[PDB]
Amino acid sequence: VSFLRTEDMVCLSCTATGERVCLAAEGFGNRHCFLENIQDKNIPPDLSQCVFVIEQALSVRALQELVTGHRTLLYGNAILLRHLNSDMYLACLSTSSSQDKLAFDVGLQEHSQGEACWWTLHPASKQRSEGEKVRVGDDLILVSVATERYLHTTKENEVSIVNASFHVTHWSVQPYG
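Residues numbered from 1 in each chain as written, not as in the entry; some residues may be left out. Heavy atoms only, no water. Residues with missing side-chain atoms left out of burial classes, pairs and counts.

What the entry reports as its method is X-ray crystallography, with 2.8410 Å given for the resolution.

### A short note on the overall build of the chain
A count of helices and strands for the chain gives one helix and 12 strands. Listing the helices and strands of the chain from first to last along the sequence gives β-β-β-β-α-β-β-β-β-β-β-β-β. In summary, the chain has a C-alpha radius of gyration of 15 Å against a globular reference of 16 Å for 177 residues, a match within 12%. Based on the C-alpha atoms only, the size of the chain along its principal axes is roughly 40 × 35 × 35 Å. (Helix = DSSP H or I, 4+ residues; strand = E, 2+ residues; numbered from the N terminus. Rg over C-alpha atoms; globule rule 2.2 N^0.38 Å.)

### A word on the pairing of strand β2 (residues 19-25)
As paired strands, strand β1 (residues 9-16) and β2 are joined by four bridges and run antiparallel to one another. Residue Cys 14 lies in a different strand from β2, and its bridge partner there is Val 21. Counting the residues that bridge the hairpin from β1 to β2 gives two residues, and of these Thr 17 lies at a positive phi of roughly 55 degrees. Sheet topology note: the β2/strand β3 (residues 33-37) ladder contains five bridges and is antiparallel. (Pairing = 2+ DSSP bridges.)

### Describing the state of the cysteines
The partner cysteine of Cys 22 in its disulfide is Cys 50, sulfur to sulfur 2.0 Å. Of note, the bridge from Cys 22 to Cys 50 carries an S-S torsion of about -120 degrees and is left-handed in sense. Linking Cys 22 in strand β2 with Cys 50 in the loop between β3 and β4 (52-58), this pair joins segments that are 28 residues apart in sequence. No disulfide involves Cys 14; its nearest neighbouring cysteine sulfur is the one of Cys 22, lying 9.1 Å away. Of the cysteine sulfurs around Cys 117, a residue in no disulfide, the closest is that of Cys 92, at 10 Å. (Disulfide = S-S within 2.5 Å.)

### Considering unusual backbone geometry
Non-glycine residue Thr 17 carries a positive phi angle of around 55 degrees. As for its position among the elements, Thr 17 is in the loop between β1 and β2. The residue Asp 87 is not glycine, and still its phi comes out positive at about 65 degrees.

### Considering the side chain of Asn 163
Note on placement: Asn 163 falls in strand β11 (residues 160-165). In this structure the side chain of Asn 163 is engaged in a polar contact, spanning 3.3 Å, whose partner is the side chain of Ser 98. Ignoring any residue separated from it by four or fewer positions in sequence, one finds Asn 163 in contact with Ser 98, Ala 103, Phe 104, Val 106, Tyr 150, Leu 151 and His 152. (Polar contact = N/O pair within 3.5 Å; in protein donor to acceptor, adjacent residues only side chain to side chain. Contact = heavy atoms within 4.5 Å.)

### Here's the deal with the pattern of salt bridges
One side chain can pair with another of opposite charge once the charged atoms of both are near each other. Between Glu 55 and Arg 82 there is a salt bridge, and its shortest N-O distance comes to 2.6 Å. Across the pair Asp 138 and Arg 128 runs a salt bridge whose closest N-O atoms are separated by 3.4 Å. Here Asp 138 is found in the loop between β8 (118-123) and β9 (139-144), whereas its partner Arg 128 is found in the loop between β8 and β9, with 10 residues between them in sequence. (Salt bridge = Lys/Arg side-chain N within 4 Å of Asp/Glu carboxyl O.)

### Some details on the environment of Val 162
Turning to its location among the elements, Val 162 is positioned in strand β11. Along the backbone, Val 162 and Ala 91 are 71 residues apart, and their C-alpha atoms lie at a distance of 12 Å. The contacts of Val 162, once residues within four sequence positions are left out, are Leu 23, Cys 33, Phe 34, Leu 35, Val 106, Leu 151, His 152, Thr 153 and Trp 171.

### Structural notes on the side chain of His 83
Counting through the fold element by element, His 83 comes out in strand β5 (residues 78-83). Within the structure, the side chain of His 83 is placed 3.0 Å from the backbone oxygen of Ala 25, a separation counted as a polar contact. Among the polar contacts made by the side chain of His 83, one reaches the main-chain carbonyl oxygen of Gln 49 at a distance of 3.0 Å.

Following this line, the structure appears as structure tokens:
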């Protein structure tokens, strides 16, 4: 219904230093992620480089077996986000190139093998709890399965970056069309 379902085209937005921004990526040459300022730019759904597809959604138990059909998303599920323009998957890179030496970079990878490309959903407040259907527009938390870090944005050098950090960021998922 009004929830996130598999195969949805969605944008992930938050607010870094007041501004509202969307998670974006280029693809072909550049494998790193970046943020787009959507602060009153367009509607909640922003432009092209901002579109990801919820390709798959597994339960905690399903993830184990799968590692070694419009499912609705449940808080606690592990999702797989494919960038539309590039057909690559949002993942946690092994390189740390931000000021925070403990954060890892988030970018794209060609294949969905291993844990680096999986992210579990978790509620941002107490208005939702594990097992519930994830409602569109809900503020949620994105946890890397591989690094045990949060999908995180922070301004460093007057620009909004995105990385995988021990510090949390609340993300809103708005679908397209």
